[PDB]
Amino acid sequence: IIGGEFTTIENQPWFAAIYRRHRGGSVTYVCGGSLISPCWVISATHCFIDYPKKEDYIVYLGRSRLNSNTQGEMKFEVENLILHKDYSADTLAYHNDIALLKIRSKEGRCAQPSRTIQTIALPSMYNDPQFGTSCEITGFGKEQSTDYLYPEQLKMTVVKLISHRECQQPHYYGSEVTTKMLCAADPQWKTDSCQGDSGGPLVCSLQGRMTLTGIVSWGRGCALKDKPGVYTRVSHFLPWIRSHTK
């Protein structure tokens, strides 16, 4: 997250931190995710497509720090890693950048809600907030594009939804953004998602509760002028999601 603020998991209790185990036994951070029901975390396919073996992934819930324990955190293995059959990666964009991780503890259980762990509501199909609406993004991703390290503490910021009309201008993303994506940016281009925030939540109030409107997918640079964050439009994927969560 570029700009924004440090936060704790209690302000974004649906946030999931996804890591990969490596042959030496080194474990490194992969991507964010969001808990949409006790047994299911939603994220982005591009995070996993290069190594799609479920047995190498670890999901944390209730976690406020990247490389140390938070009280009340829960660790899960991945019982099913479901990557979108039509995923593809273009030159800039990813398409159908959406993945589901069925989580199960080594003790055989799904997530139990707490002060630090809650599910996030899904939107109604094809229901999105109006453009100009302020939404929240969260993650352990880079604080600058050029950074080598990820921050140790979870971050959050606020961005505003941009119209497709605006996002599709040639000096924004032109042809590369589609209707299955959503753009969001800071009006002054000061704050943004970045590398390492992929798969994490874009949350907006829709009706009267916080709702998962987007999944961090891609952008050119981070917090660069005329280059918004691009997000998977969750409201376009409910049948896909329901097909696996049923």
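For every residue, the number given is its place in the sequence shown, counted from 1.
- Legend: mean Cα B-factor per stretch from the PDB entry, 220 to 228 versus 13 to 21; the higher mean is in 220 to 228.
- Look at the mean CA B-factor for 125 to 133 and for 154 to 162 in the entry; the higher one is 125 to 133.
- Of the candidates 211, 193, 34, 188, it is 188 whose Cα B-factor is highest according to the PDB record.
- Residue set 215, 206, 61, 58: peak C-alpha B-factor at 206 (per PDB entry).
- In the PDB entry, a CA B factor belonging to the lowest third of its chain's modelled residues is recorded for residue 140.
- Remark: residue 53 belongs to the highest third of its chain, ranked by C-alpha B-factor as recorded.
- Among all modelled residues in this chain, the alpha-carbon of residue 181 has a temperature factor (C-alpha) in the middle third.
- Among all modelled residues in its chain, residue 26 ranks in the highest third by Cα B-factor.
- Ranked by Cα temperature factor within the chain, residue 83 sits in the middle third according to the deposited record.
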